[PDB]
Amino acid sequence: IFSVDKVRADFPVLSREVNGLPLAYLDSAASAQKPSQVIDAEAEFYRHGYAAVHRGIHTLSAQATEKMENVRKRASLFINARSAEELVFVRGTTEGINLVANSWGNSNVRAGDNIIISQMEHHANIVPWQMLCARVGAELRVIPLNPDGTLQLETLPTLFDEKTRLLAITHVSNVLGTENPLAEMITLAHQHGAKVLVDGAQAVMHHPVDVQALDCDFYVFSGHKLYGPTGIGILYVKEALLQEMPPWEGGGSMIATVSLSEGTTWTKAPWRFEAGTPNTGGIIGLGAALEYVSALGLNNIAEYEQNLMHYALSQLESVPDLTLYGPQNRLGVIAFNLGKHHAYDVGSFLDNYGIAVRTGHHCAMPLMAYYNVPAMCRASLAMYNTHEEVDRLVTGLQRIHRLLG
């Protein structure tokens, strides 16, 4: 069972002060703080084992190469992929979606075809598809929202047809905390021969994820939201698909042969998709982040976070004129607005109290437009956040309401 006090002891940032006040970091959905175990694993790699990794012969380079492929295997086990070779190292969720949109999209989505997204998607899972649709002359269809922040699943018959090549869908909304019924939707998409990319950037830190059970064709997430370093993420692709995909970025390490007269040939996947020096330091840190999370246990994390979320929603009932957005069973984040006050001002006052929340459109402008607001506040309730921090948020909103009403 989970002890939030022992977990918080691993996170040096949580002792920091802001504005002279103790920090309450409620913005993990934008990016997560990192434990000492992750920070030090990367630092120690730099301090004692650093070298280039492309299977160099000397010892440090050979050992660094092995460390990197071991992290690839560990990540594949973390999401229950069948093979380490189904995982590609990318900069983050965003780059992984762009890689799919170009390598797979350009070869599989043709003029007159359509791609389906939802109205709750992050811009990372919208813009690459808008670009692809403009490149090839395809149509971008949209699953709309219900008022409670769930998908209008009844619209799926009008959106899926025989020209639907891809569903790109969020696992968990970064704003609403809605968890979408992926297994269901993937079954339906596969009935039409459509592939499914899942944006898992807000899923992998909250509960176990199993891509064989999901049967998704692509799955993406970012290391820095998973208590890991910036600059690294994971793209999972089914082996049979990944083996047919052409390269995206070109350069060293993704080639088999390079000739200026007879052209160039590519190596095998996933290495075909990793051009140039990888982010070895980020990969080491990501491996340590996975070990740290697995040691705590994702079901223990999920239990503690669900109880924290239930407590926050119960306490926020005592805030006057508070508008919440999204379903009651939300994961990870609480999106809200306070009376008629602009989110920017609410977030400013909260920051003035030492409380870090995110304000704005949260890279989800279509979602904001659906709710007819320009912005929202959002509080993340992660595994190192406490009841007392929730109390500080509730009290802060009460004070703000009273001061500005």
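We number the residues from 1 along the sequence you see.
J.: Look at the other compared PDB entries that model both sides of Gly251, then say whether a third or more of them leave it out.
T.: Result for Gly251: often missing, at least a third of the compared entries.
J.: Quick one: higher average CA temperature factor, 279-287 or 323-331?
T.: The stretch with the larger average C-alpha B-factor is 323-331.
J.: For the listed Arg72, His123, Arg82, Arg91, which has the peak Cα B-factor recorded in the PDB entry?
T.: Of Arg72, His123, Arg82, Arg91, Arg82 has the highest C-alpha B-factor.
J.: Report the third (lowest, middle or highest) to which the CA temperature factor of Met185 belongs, ranking only the modelled residues of the same chain.
T.: Answer is middle: the recorded C-alpha B-factor places it there.
J.: Comparing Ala43 with the other modelled residues of its chain, is its CA B-factor in the lowest, middle or highest third?
T.: It falls in the bottom third of the chain.
J.: Looking at the temperature factor on the CA atom of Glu179, which third of the chain's modelled residues does it land in?
T.: Middle third of the chain for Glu179's C-alpha B-factor.
J.: Can you work out whether the C-alpha temperature factor of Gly263 puts it in the lowest, middle or highest third of the chain?
T.: Highest third of the chain for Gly263's C-alpha B-factor.
J.: Name the third of the chain's ranked CA B-factors that contains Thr230, choosing lowest, middle or highest.
T.: It falls in the bottom third of the chain.
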